[PDB]
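Report on one structure; see the data block that follows.
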Amino acid sequence: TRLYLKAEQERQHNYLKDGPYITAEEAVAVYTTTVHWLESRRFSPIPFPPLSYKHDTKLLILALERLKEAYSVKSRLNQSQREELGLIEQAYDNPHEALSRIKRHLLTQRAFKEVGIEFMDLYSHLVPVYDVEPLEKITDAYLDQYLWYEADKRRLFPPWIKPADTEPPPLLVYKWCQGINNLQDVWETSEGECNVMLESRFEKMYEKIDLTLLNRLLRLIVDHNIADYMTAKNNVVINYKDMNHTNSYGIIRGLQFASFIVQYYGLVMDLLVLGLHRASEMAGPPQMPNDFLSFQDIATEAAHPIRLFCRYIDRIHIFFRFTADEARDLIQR
Amino acid sequence: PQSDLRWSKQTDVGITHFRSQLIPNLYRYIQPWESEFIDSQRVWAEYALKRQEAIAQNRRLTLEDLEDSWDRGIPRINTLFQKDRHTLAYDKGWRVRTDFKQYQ
Amino acid sequence: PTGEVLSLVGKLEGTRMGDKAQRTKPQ
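As given, the protein sequences belong to chains A, B and C, one line each in that order. Position 276, counted from 1, in the first sequence is what my numbering calls 276; the numbers after and before it change by one each time, with no gaps. Position 63, counted from 1, in the second sequence is what my numbering calls 63; the numbers after and before it change by one each time, with no gaps. Position 9, counted from 1, in the third sequence is what my numbering calls 9; the numbers after and before it change by one each time, with no gaps.
Next comes the structure, spelled out in structure tokens:
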């Protein structure tokens with residue numbers, strides 16, 4: 001672990017030396033592509049949580065239920081372990097003060113406390129575990145529940161983005177296989193047409209997310225103040241035992257709302273991979289959107305090599321079908 | 001082994017001995033994913049039918065209804081009888097959150 | 001008759017993945 005955070009401190013150092021590894025015109029290109037996609041989807045930017053929001057109480061109860069899930073019934077309860085539980089049950093006691101506190105943290109708080117990190121000893125690879133201050137834990141948990149509810153309401157996330165709440169991953173596999181097998185004459189190789197099935201990792205998605213660009217992209221789909229919070233939230237010092245660094249490039253990836261950031265940046269990269277045309281054809285018109293793997297009409301389906309697309313949290317699985325001519329053009333290029 | 005299936009019980013009449021084979025495997029008591037998925041589709045079409053006809057009946061679906069479809073449907077039919085269920089319909093994006101719980 | 005488990009590969013011809021799988025009744 002000590003070696004790893006030394007390496008991460010050094011990596012932050014090369015970032016703050018070299019500045020943004022992404023070039024300015026790359027930034028304006030991705031910003032243009034995303035704003036074009038969102039206006040095509042007509043999307044309505046997320047407003048700041050209203051004081052008298054109809055579901056607000058329900059969202060805090062769900063957030064504190066999720067927090068309590070972490071604390072199993074046990075006697076291993078230290079000062080912080082009991083402080084978090086006590087504050088959770090306190091917010092349970094008075095939800096309105098919790099709403100007010102989370103809101104005031106939203107519109108003002110920008111500088112936060114250090115986050116401790118410990119690692120899981122999966123014998124193949126090491127994954128960090130971030131420990132966030134309980135007040136910030138409650139704030140981010142509520143903001144997570146709110147943003148996920150609102151994005152699900154407005155359908156920010158097109159159907160290809162996984163995992164969804166409609167099907168467990170073992171059903172994702174089955175739907176993907178069936179969707180492959182139900183394409184138009186997908187298994188015919190008389191003329192010589194070839195199906196290509198790619199899968200990848202989006203290497204170093206979490207680390208190589210430039211937080212300034214993350215601010216610029218995410219300022220549109222939500223209120224700019226919420227953006228300022230969550231973007232300030234990943235500009236936070238990391239500590240373990242004694243040696244502590246501030247992180248600026250990588251998303252903390254342990255925040256309660258890191259899920260939303262990852263799944264939105266994934267959609268932006270998704271626009272990059274698919275192109276607005278094919279992405280729109282997969283998603284369908286905003287009035288009548290499609291399901292996981294289907295198009296309005298088969299002509300829309302057979303208009304491009306990319307028939308099927310599915311992005312997991314950071315993985316991509318793409319299924320092309322080529323004519324012989326298309327294959328040869330790509331091979332020669 | 002058959003030797004460990006012998007047991008003895010003593011009463012006033014005396015000592016009486018009795019016997020009773022393979023242990024059951026975990027893979028035989030869990031429905032395969034394929035059958036689960038087809039049953040889910042069937043059961044939820046059936047529930048669509050029953051819910052529309054009960055809305056015509058203007059009543060709520062009961063326990064005696066759907067009782068042949070109790071432990072079926074990938075979103076389990078039992079989940080329409082939970083108490084919090086109305087609040088659960090406000091928990092969005094729970095699966096991503098669960099896949100990010102290992103991270104905290 | 002040793003007490004060690006035996007590899008189930010090859011000893012499952014007579015069973016299906018769901019045989020003996022039962023669903024509980026309403027409570």
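For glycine and all other residues, C-beta sits at the position ideal for the given N, C-alpha and C.
I want to verify the contact list: residues of chain B whose CB lies under 7 Å from the CB of residue i, in sequence order.
i              : result
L8 (chain C)   : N25
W148 (chain A) : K92 and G93
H55 (chain A)  : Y90
Looking at the secondary structure, which residues open and close the beta strand (DSSP E) in which residue i lies?
i              : result
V237 (chain A) : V237 to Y240
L126 (chain A) : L126 to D131
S8 (chain B)   : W7 to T11
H245 (chain A) : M243 to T246
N195 (chain A) : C194 to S200
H304 (chain A) : Careful: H304 (chain A) lies outside any beta strand (DSSP E) and carries neither H nor E.
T16 (chain B)  : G14 to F18
From what residue to what residue does the alpha helix (DSSP H) around residue i run?
i                     : result
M269 (chain A)        : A258 to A283
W148 (chain A)        : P134 to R154
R2 (chain A)          : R2 to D18
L59 (chain A)         : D56 to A70
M230 (chain A)        : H224 to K233
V73 (chain A)         : No alpha helix (DSSP H) holds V73 (chain A); DSSP gives it neither H nor E.
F112 (chain A)        : Counting along the chain, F112 (chain A) falls outside any alpha helix (DSSP H), and DSSP gives it neither H nor E.
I331 (chain A)        : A324 to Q332
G179 (chain A)        : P169 to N181
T212 (chain A)        : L211 to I221
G86 (chain A)         : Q79 to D93
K50 (chain B)         : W33 to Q57
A27 (chain A)         : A24 to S40
residue 106 (chain B) : Not covered by the structure: residue 106 (chain B). The range shown for chain B is 1 to 104.
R85 (chain B)         : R85 to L88
At the level of alpha carbons, what is the spacing between residue i and residue j?
i                     : j              : result
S52 (chain A)         : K103 (chain A) : 12 Å
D65 (chain B)         : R59 (chain B)  : 11 Å
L147 (chain A)        : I331 (chain A) : 44 Å
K162 (chain A)        : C310 (chain A) : 7 Å
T57 (chain A)         : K153 (chain A) : 17 Å
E207 (chain A)        : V173 (chain A) : 28 Å
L143 (chain A)        : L99 (chain A)  : 10 Å
residue 334 (chain A) : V9 (chain C)   : What the structure shows of chain A is the stretch from 1 to 333, and residue 334 (chain A) is not part of that stretch, so it cannot be assessed.
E281 (chain A)        : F295 (chain A) : 7 Å
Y264 (chain A)        : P128 (chain A) : 22 Å
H224 (chain A)        : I46 (chain A)  : 9 Å
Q12 (chain A)         : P285 (chain A) : 42 Å
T34 (chain A)         : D228 (chain A) : 19 Å
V96 (chain B)         : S3 (chain B)   : 52 Å
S40 (chain A)         : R278 (chain A) : 13 Å
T24 (chain C)         : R72 (chain B)  : 10 Å
Could you work out which residues of chain B lie near residue i, taking near to mean beta carbons separated by less than 9 Å?
i              : result
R311 (chain A) : Those within 9 Å of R311 (chain A) in chain B number zero; the least Cβ separation is about 12 Å.
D297 (chain A) : What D297 (chain A) touches in chain B: nothing, since even the nearest Cβ is about 24 Å away.
Report all residues from its chain with a CB closer than 7 Å to the CB of residue i; omit the five preceding and five following residues, and keep chain order.
i              : result
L156 (chain A) : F43 and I221
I30 (chain B)  : none
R85 (chain B)  : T79
Give the residues of chain A in contact with residue i, contact being defined as C-beta atoms less than 7 Å apart.
i              : result
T87 (chain B)  : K58, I61 and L62
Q104 (chain B) : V129, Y130 and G254
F100 (chain B) : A258 and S259
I77 (chain B)  : Under the 7 Å cutoff, chain A gives no residues; its nearest Cβ is about 16 Å from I77 (chain B).
Residues in the same chain with beta-carbon distance under 8 Å from residue i, minus the five sequence neighbours each way, listed in chain order, please.
i              : result
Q184 (chain A) : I298, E301 and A302
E83 (chain A)  : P134
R216 (chain A) : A27 and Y31
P289 (chain A) : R155, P158, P159 and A283
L5 (chain A)   : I117, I238, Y240, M243 and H245
Chain B partners of residue i, CB-CB under 8 Å?
i                    : result
residue 28 (chain C) : Because chain C spans 1 through 27 in this model, residue 28 (chain C) falls outside it and cannot be assessed.
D165 (chain A)       : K92, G93, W94 and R95
What does residue i touch in chain C if you count any residue whose Cβ is under 9 Å from its own?
i             : result
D12 (chain B) : Neighbours of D12 (chain B) on chain C: none; closest Cβ ~35 Å, over 9 Å.
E67 (chain B) : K25 and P26
Closer than 7 Å, CB to CB, is residue i near chain F or not?
i            : result
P1 (chain B) : Annotation note: the requested chain F is absent from the structure, which comprises protein chains A, B and C.
Name the chain A residues whose beta carbon is nearer than 8 Å to that of residue i?
i             : result
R97 (chain B) : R66, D144, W148 and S259
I74 (chain B) : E167, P168 and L171
Taking C-beta pairs closer than 8 Å, name the residues in chain C that residue i reaches, listed in chain order.
i             : result
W70 (chain B) : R23, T24, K25 and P26
In chain order, what residues of the same chain lie with their CB nearer than 6 Å to the CB of residue i, ignoring the 5 residues before and after it?
i              : result
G254 (chain A) : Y130
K175 (chain A) : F292
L61 (chain B)  : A54
Since residue i meets chain C, which of its residues come closer than 7 Å, beta carbon to beta carbon?
i             : result
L63 (chain B) : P26
Would the segment 315-325 of chain A and the segment 180-198 of chain A be scored as touching if the rule is three or more Cβ pairs under 8 Å?
yes
Is the segment 307-314 of chain A close to the segment 7-18 of chain B, with three or more CB pairs under 8 Å?
no
Counting beta carbon pairs with one atom in the segment 108-125 of chain A and one in the segment 42-58 of chain B, are three or more of them shorter than 8 Å?
no
Say whether the segment 12-21 of chain A touches the segment 35-51 of chain B, bearing in mind that this needs 3 or more beta-carbon pairs closer than 8 Å, one atom from each stretch.
no
For the 8 Å Cβ check, are there 3 or more pairs between the segment 239-247 of chain A and the segment 198-205 of chain A?
no
Given 8 Å as the limit, is there contact between the segment 227-238 of chain A and the segment 255-266 of chain A, that is, 3 or more CB pairs closer than that?
yes
Would the segment 69-78 of chain A count as touching the segment 106-115 of chain A if we require 3 or more Cβ pairs under 8 Å?
no
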